[PDB]
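Chemist: So the sequences go chain by chain: A and B. Residue numbering for the first sequence follows PDB author numbering, beginning at 2 and increasing consecutively. Going left to right, the second sequence walks through residues 41 to 689, 709 to 1092 as PDB author numbering numbers them. C-beta: ideal position from N, C-alpha, C; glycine also.
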Amino acid sequence: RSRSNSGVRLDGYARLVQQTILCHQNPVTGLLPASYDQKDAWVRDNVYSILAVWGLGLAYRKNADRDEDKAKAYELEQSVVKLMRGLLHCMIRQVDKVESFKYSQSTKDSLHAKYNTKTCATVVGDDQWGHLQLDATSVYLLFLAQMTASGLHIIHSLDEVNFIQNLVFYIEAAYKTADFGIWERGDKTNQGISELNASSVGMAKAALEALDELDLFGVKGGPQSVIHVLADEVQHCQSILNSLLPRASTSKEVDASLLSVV
Amino acid sequence: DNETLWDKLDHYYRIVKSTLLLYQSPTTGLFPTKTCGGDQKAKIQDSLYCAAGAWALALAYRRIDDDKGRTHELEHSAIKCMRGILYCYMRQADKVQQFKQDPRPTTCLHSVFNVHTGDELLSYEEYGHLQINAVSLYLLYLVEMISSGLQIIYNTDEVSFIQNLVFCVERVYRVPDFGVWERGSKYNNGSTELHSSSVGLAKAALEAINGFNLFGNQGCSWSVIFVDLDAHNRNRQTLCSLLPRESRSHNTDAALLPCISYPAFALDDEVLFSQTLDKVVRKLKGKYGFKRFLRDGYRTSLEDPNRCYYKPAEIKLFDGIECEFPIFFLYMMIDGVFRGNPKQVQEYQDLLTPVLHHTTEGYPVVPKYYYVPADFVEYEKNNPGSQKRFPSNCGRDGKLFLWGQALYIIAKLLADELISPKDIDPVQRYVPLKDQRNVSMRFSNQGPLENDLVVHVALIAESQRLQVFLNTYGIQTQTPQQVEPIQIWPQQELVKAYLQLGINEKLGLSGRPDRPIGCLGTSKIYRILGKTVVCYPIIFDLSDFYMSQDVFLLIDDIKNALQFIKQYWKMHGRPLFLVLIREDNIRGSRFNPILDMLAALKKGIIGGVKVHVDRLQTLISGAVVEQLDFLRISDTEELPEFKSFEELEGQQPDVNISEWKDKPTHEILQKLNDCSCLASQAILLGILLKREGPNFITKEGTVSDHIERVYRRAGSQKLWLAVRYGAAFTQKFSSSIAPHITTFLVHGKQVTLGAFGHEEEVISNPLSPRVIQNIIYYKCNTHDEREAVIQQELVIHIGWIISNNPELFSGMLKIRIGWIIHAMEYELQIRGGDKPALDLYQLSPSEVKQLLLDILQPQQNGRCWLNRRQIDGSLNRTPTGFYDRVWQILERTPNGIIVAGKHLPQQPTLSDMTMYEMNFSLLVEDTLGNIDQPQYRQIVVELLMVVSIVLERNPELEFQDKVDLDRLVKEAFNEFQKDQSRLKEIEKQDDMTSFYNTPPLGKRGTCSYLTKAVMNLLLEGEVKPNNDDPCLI
Ligand SMILES: C/C=C(\C)CC/C=C(\C)CCC=C(C)C
């Protein structure tokens, strides 16, 4: 008759997520600014920062037998959809960069790490920031595959299916592409030198495996909505991970971001 | 036909994927207007219908279990478009906040967006963005897709924005807009004008979205959208008044089908529906499509593409060559499927097939419009509908009309019965003749034709001393303390409670605007913060104005409020009408009128409205309670308890206005102490606020509040002079005047607010309370401040009559206030005899209404005919259809009409407008305006009637020269003298009196001499041999 104690304690977690994370979600774009000083949304941070909302929504959905705890489950689930869709629009507004990066894996043609949290536009230019972060698109691609597998309908059109498919080729060459990485500074020196970080190589391998024969439309999908991943690039990332580890790169003996890979 | 349903749906899938879904923006989800050309324009109206087309095919594919992922692709193609409009709209949340507070063409939501970014594309100067059809259709379709199962709204933050969109739609009844055709009218002046389609779509949007959970099945009490019934009701009153006309300029428009049929179905009265359908079918249907409106020059051969606005004379060249839009064959096709008429579906299908074009792959292309070429314009004008038209969009060119292509999918899927009418109408916008039990949609429990609504009337006395003392006269009442856990509120406290609804500090949205809640809103039972609150009607508020203090008007306000609720309450529960009685209503002779009304309520019937008098606890037990949950979801459980109603525990002015105003000495302050009358005080305090600053100190206190005390205190005595000065010198303005004016002009009636012989301001278009407040006090009247108070007195009074007795002002096209206040002030002179007559500012507001009603009567009984022509003339009352007869006159006078130095020519008058048109009716009074004597006006208005009698029944005669009616009035004049001089030789010369007193119909009446005057000049012309009755000789 009354709500289960799990629902009651999730309210304290709902307050914690709302007061800390979900109160900063942009009304229009669904994106999350890093802070009040840094009013922009990072692709990697936004994906990571939405996990609490996604976990809470899954936690609330476990007991969805009443109108209210169905609705807060719906809010948390669709707030995650809003952010992942909002982050999709940021990258889909840079399809020219995705197309160019597939053939020429250059930093000048990489998806921007930070976007306008209010309009899903590029705040900074292609050279004003360390933009090539293959572990930021991969953290999006991995969780996009995982959130669809959990039932969250993020991809809405077959054109976005093509975009995500083209994003696979964007992160395919992570084993052979140097990038600034999880810390947006490249090598240990912090001198604009991109390096092969195990975080980017590892993240792409997981994202590629996550997207491997994945129906972006969920169960109510078809072969048109399936992302096809080639295990050549997946296991090539392994050959690099085995060789790199326990090091994060040739310049780093270790990085704590490898916890995001191992 | 052994085809499997997969192959039938695959047929439309290819069309949908290649003709409209191929162009959906990956970023914003919007559909560009121009498929080829690189244009960034994405119209909300067009994008909304494109979302419906993918949604419609998704509903069809819902019948295929092995959909191969096409249901998800088409369902979420609609969601992608629906959320993109939301993305564009929420990026303009600062404009939504502005449009809520002050609806204006320069503060509205944009209707055109960049298809690739969602940015603002065109400014208010380049494009007319005020298109309520876009916002209303968005709200309507948002309800439709969410009801069908499409999840568009993702969080309460979006729910707050949708609530603010509803607020922007509530006020639309007073907001002129550019309409669907982003043009406003035929004249293309860039002038916003009230459209039936836009207001009707707002009515459709408000009905579907009221109490609608934006989360769908995954929803709770904090996602339901609240809709103000009364702003919806005033939106419907506008729609019913404007119809069967689209607007002031348009007698009919093709936009009516989207309004009165799919997707809106905004008309709930089957008589009007039919009337409005035929004018579209008759005056706009064509072989190649439907014409948007008569004399529509959009994309015509006679249109200058560079110019964005049409000349006043350019609309003439647009007759017969209007572009025909095939999209409305589809709209009629959807109408046929919805309404169960298969002949209509087949008939309009047989018309689309010739006009349909096809791509290289055979996919149907619906052209946007079919235009007559420049080589064939003049043949078309002579014989309309006989010359070939070329398609705007043909396919194979790259240019596709996505709105037409999307609407093709919806109609064909319905025609082949692949989607049911209820599938695209999950919230039932179309209801069959089984029209019962739909909230907000005129279908109460009784149905569409019976309206014996019972209103729950709760008798509330302000104090126990009133409670027991009324009880001693057989009336049972309860003080608020007697109804204790329940809270009786002023309607303002409900507005203060409603201020928290829809607030988003993240979007900068401030909640529901501070606007009074009317009778229907206060008729609801509210539960706020765990307290059940019932608000008494605003008619019992003693703050807005002082005619609520007049007991007779309050009695009539109580009566007409009940009739207003009887007519416009269409919810599940029975309305609650709390009657508040104050001690001022009982004290004095005001008991006898108040007691009979209360006895009638106790008897069970008042004003013909069935009422139920019972305790408030009885009338609250099982009624539906409006849960103001937004006041608790924000955790404002400690919000200040809104102040509920608290129980309470003789000569004519000896000082003339000119006597002391002319007096230069300032000793009048001592004269204030010297005199003892309230009116003398009410004038002395007024100059003190002007002569000695706004907030000077007096014996009682500050000037500002001392006049307020006098105004409050003067009303208690019912010394009406002081209460009229008291309200005038404080610039008092009740909230009802501005909506009352808007009610006037939506009935076709221009309003002028100013005293006789001074500056009068014509209210052509609906105006906000702010400007009308500036209008009624600052610019209009400055000779006397009490002119505004008397000006506002009638506006409510005419607002009272225009609804109860609409026929009473028939012919009176211009309600001119000061001209009307002349009619009462001149009537007082007439009734005053050779005695000092009554002053219009001495009469109680009841006598102001009664005398106004007396001087309005269809035919004053038995009065001097001179005086009748004075009462009708002063009101500018014209016969029914009088303005029409002026056409038949002007149609047959080549050189026109000249009267009092004002000339009405045959051209360009006949060429510019139509003879049901409102503009011509305004033109006559402008030509008729120079006649100073109201009695002289009527004899001319009489003459224009009789010459119309001569012209209609005698088509052979036609005037040669200009018809100078003053001469005809003068010519028929002397014949009256020489006839009456032969009778008794009246020595009065150039006196209209004898000529005015004689009745028209009689032995020697006015129209007899007027008839002779016409024929003498009418027989001065060549007769035309007529073939209708070939002359036997
Ligand atoms: C063959 C004879 C005629 C066609 C009659 C001509 C008509 C007139 C001289 C004016 C008649 C006016 C009336 C009001 C009846």
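(1) With DSSP as the reference, label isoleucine 646 (chain B) as helix, strand or coil.
(2) Kindly give me the distance between the Cβ atoms of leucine 357 (chain B) and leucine 342 (chain B), rounded to whole angstroms, as I take these residues to be in contact under 8 Å.
(3) Check this for me: beta carbons of residue 1101 (chain B) and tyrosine 371 (chain B), under 8 Å apart or not?
(4) Smallest Cα separation from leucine 925 (chain B): which of B:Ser970, B:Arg996, B:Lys873 and B:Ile449?
(5) Between which residues of its own chain and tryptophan 859 (chain B) is the CB-CB distance below 6 Å, once the five residues before and five after are set aside?
(6) By Cβ distance, which residues of its chain are closer than 8 Å to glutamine 26 (chain A), with the 5 residues on each side in sequence left out?
(7) May I have the straight-line CA-CA distance separating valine 983 (chain B) from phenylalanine 255 (chain B), to the nearest angstrom?
(8) Could you check whether the segment 50 to 64 of chain B touches the segment 438 to 447 of chain B, counting it as contact only if at least three pairs of C-beta atoms, one from each stretch, sit closer than 8 Å?
(9) Determine the contact status of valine 220 (chain B) and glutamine 171 (chain B), defining contact as a CB-CB distance below 8 Å.
(10) So is the beta-carbon of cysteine 348 (chain B) under 7 Å away from any non-hydrogen atom of ligand 3?
(11) Going along chain B in order, which residues have a C-beta closer than 8 Å to the C-beta of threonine 251 (chain A)?
(12) Under the rule that 16 or more other beta-carbon atoms within 10 Å means buried, what is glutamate 677 (chain B), buried or exposed?
(13) I want to see whether chain B comes within less than 8 Å of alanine 72 (chain A), judged by CB atoms only; does it?
(14) Please indicate yes or no: does the CB of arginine 1012 (chain B) lie closer than 7 Å to some heavy atom of ligand 1?
(15) With a CB to CB cut of under 6 Å and the five nearest residues on each side skipped, what residues in its chain are close to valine 651 (chain B)?
(16) Taking C-beta to C-beta, are residue 692 (chain B) and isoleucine 831 (chain B) nearer than 8 Å?
(17) If you count every other CB in all the chains shown that lies within 10 Å of the CB of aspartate 596 (chain B), and 16 or more means buried, which is it?
(18) Just to confirm before moving on: does the CB-CB distance between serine 195 (chain A) and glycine 203 (chain A) stay below 8 Å?
(19) Apply the 10 Å Cβ neighbour rule to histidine 116 (chain B) and answer buried if 16 or more other Cβ atoms are within range, or exposed otherwise.
(20) Would you mind giving the Cβ-Cβ distance between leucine 872 (chain B) and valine 958 (chain B), rounded to the nearest angstrom? I have them listed as a contact below 8 Å.
(21) Are any of the Cβ atoms in chain B nearer than 8 Å to that of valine 48 (chain A)?
(22) Contact between the segment 171 to 190 of chain A and the segment 132 to 152 of chain A is defined here as three or more beta-carbon pairs at a separation below 8 Å; is this criterion met?
(23) Of all Cβ atoms in chain A, is any one closer than 8 Å to the Cβ of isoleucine 104 (chain B)?
(24) Decide if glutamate 420 (chain B) is buried, meaning its Cβ has at least 16 other Cβ atoms within 10 Å, or exposed.
(25) Per DSSP, what kind of secondary structure is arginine 622 (chain B) in: helix, strand or coil?
(26) Please compile the residues from chain A whose C-beta is within a distance smaller than 7 Å of the C-beta of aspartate 197 (chain B).
(27) Taking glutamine 522 (chain B) as the reference, give the member of B:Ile515, B:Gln507 and B:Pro723 with the closest Cα.
(28) Enumerate in chain order the residues of its own chain whose CB-to-CB distance from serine 263 (chain B) is below 8 Å, with the five nearest sequence positions on each side excluded.
(29) Report the rounded CA-to-CA distance for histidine 150 (chain B) versus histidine 169 (chain B), giving the unit in angstroms.
(30) If you measure between the beta carbons of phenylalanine 788 (chain B) and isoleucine 766 (chain B), is that distance less than 8 Å?
(31) Between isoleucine 948 (chain B) and ligand 1, is the CB less than 7 Å from at least one heavy atom?
(32) Check whether the Cβ atoms of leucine 89 (chain A) and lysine 98 (chain A) sit closer than 8 Å, and answer yes or no.
(33) Spatial neighbours of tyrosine 836 (chain B) within its chain, please: C-beta separation below 6 Å, excluding the five flanking residues on both sides.
(34) Does the distance from the CB of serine 903 (chain B) to the CB of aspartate 554 (chain B) come in under 8 Å?
(35) Show which residues of chain A have a CB atom less than 9 Å away from the CB atom of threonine 111 (chain B).
(36) Does any residue of chain B have a CB that is nearer than 8 Å to the CB of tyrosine 61 (chain A)?
Modeler: In this structure, then:
(1) By one-based count along the second sequence, residue 646 (chain B) stands at place 606. Strand at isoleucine 646 (chain B).
(2) Counted from its first residue, the second sequence places residue 357 (chain B) at position 317. Counted from its first residue, the second sequence places residue 342 (chain B) at position 302. Sure, about 5 Å apart at Cβ, within 8 Å.
(3) Nothing in the structure corresponds to residue 1101 (chain B), since chain B is present only between 41 and 1092.
(4) Within the second sequence, the letter at position 866 stands for residue 925 (chain B). Closest option to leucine 925 (chain B), Cα to Cα, is B:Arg996.
(5) As a position in the second sequence, residue 859 (chain B) is number 800, starting the count at 1. There are no such residues.
(6) Numbered from 1 along the first sequence, position 25 holds the residue referred to as residue 26 (chain A). Excluding residues within five positions, the ones whose Cβ falls inside 8 Å are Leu32, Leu33, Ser80, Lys83 and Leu84.
(7) Within the second sequence, the letter at position 924 stands for residue 983 (chain B). Within the second sequence, the letter at position 215 stands for residue 255 (chain B). Each residue's Cα considered, the two are about 56 Å apart.
(8) yes
(9) For the purposes of this step, residue 220 (chain B) is identified with residue 180 of the second sequence, where counting begins at 1. For the purposes of this step, residue 171 (chain B) is identified with residue 131 of the second sequence, where counting begins at 1. Cβ atoms of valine 220 (chain B) and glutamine 171 (chain B): closer than 8 Å.
(10) Of the ligands one can find in the structure shown, namely ligand 1, none is ligand 3.
(11) Here the question's residue 251 (chain A) lines up with position 250 in the first sequence. Within chain B, no residue comes near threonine 251 (chain A); the closest Cβ sits about 39 Å away, beyond 8 Å.
(12) Taking the second sequence and counting its residues from 1, one reaches residue 677 (chain B) at position 637. Result: exposed.
(13) Position 71 of the first sequence, counted from the first residue, corresponds to residue 72 (chain A). Output row for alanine 72 (chain A): interface = yes.
(14) Looking up residue 1012 (chain B) in the second sequence gives position 953. Answer for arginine 1012 (chain B): yes, Cβ within range of ligand 1.
(15) Here residue 651 (chain B) is taken as the residue at index 611 of the second sequence, counted from 1. If we look at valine 651 (chain B) and ignore the five residues flanking it on each side, its Cβ neighbours are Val495, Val497 and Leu641.
(16) Coordinates for residue 692 (chain B) are lacking, as chain B steps from 689 to 709 with nothing built in between.
(17) In the second sequence, residue 596 (chain B) corresponds to position 556, counting from 1. Looking at its Cβ environment, which holds 16 or more other Cβ atoms inside 10 Å, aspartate 596 (chain B) is buried.
(18) In the first sequence, counting from the first residue as 1, residue 195 (chain A) sits at position 194. In the first sequence, counting from the first residue as 1, residue 203 (chain A) sits at position 202. Taking 8 Å as the Cβ cut-off, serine 195 (chain A) and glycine 203 (chain A) do not qualify as a contacting pair.
(19) What you label residue 116 (chain B) is simply residue 76 of the second sequence in a count that begins at 1. Burial call: buried.
(20) Along the second sequence, read from residue 1 onward, the residue named residue 872 (chain B) stands at position 813. Along the second sequence, read from residue 1 onward, the residue named residue 958 (chain B) stands at position 899. Actually they do not touch by this definition, with Cβ atoms about 17 Å apart.
(21) Counting from 1 along the first sequence, the entry for residue 48 (chain A) is found at position 47. So no, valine 48 (chain A) is outside the interface.
(22) yes
(23) Walking along the second sequence from the start, residue 104 (chain B) turns up at place 64. False, the Cβ-Cβ gap to chain A never drops below 8 Å.
(24) Against the second sequence, residue 420 (chain B) aligns to sequence position 380. Buried, by the Cβ-count rule.
(25) Taking the second sequence and counting its residues from 1, the one referred to as residue 622 (chain B) is at position 582. In the structure shown, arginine 622 (chain B) sits in coil (DSSP, three-state: anything other than H, G, I, E or B).
(26) As a first step, residue 197 (chain B) must be located in the second sequence, where it is residue number 157. Here the neighbours are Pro28.
(27) Here residue 522 (chain B) refers to the residue found at position 482 when the second sequence is read from its first residue. Looking at the Cα atoms, B:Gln507 is the closest of the given residues.
(28) Here the question's residue 263 (chain B) lines up with position 223 in the second sequence. If we look at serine 263 (chain B) and ignore the five residues flanking it on each side, its Cβ neighbours are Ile193, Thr196, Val199, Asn253, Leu254 and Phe255.
(29) Taking the second sequence and counting its residues from 1, the one referred to as residue 150 (chain B) is at position 110. Taking the second sequence and counting its residues from 1, the one referred to as residue 169 (chain B) is at position 129. Going from the Cα of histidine 150 (chain B) to the Cα of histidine 169 (chain B) covers about 5 Å.
(30) The sequence position of residue 788 (chain B) within the second sequence is 729, counting from 1. The sequence position of residue 766 (chain B) within the second sequence is 707, counting from 1. Yes.
(31) Sequence index remark: in the second sequence, residue 948 (chain B) carries index 889 (1-based). No, ligand 1 has no heavy atom inside 7 Å of this Cβ.
(32) Reading the first sequence from its first residue, position 88 is the one you call residue 89 (chain A). Reading the first sequence from its first residue, position 97 is the one you call residue 98 (chain A). Not a contact, by the Cβ cut-off of 8 Å.
(33) For the purposes of this step, residue 836 (chain B) is identified with residue 777 of the second sequence, where counting begins at 1. Hits under 6 Å: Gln790 and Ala847.
(34) Along the second sequence, one-based indexing puts residue 903 (chain B) at 844. Along the second sequence, one-based indexing puts residue 554 (chain B) at 514. In this structure, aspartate 554 (chain B) does not lie closer than 8 Å to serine 903 (chain B) by Cβ.
(35) Taking the first residue of the second sequence as 1, we reach residue 111 (chain B) at position 71. Residues of chain A passing the Cβ test: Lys221.
(36) Here residue 61 (chain A) refers to the residue found at position 60 when the first sequence is read from its first residue. No, because no Cβ of chain B sits closer than 8 Å to the Cβ of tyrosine 61 (chain A).
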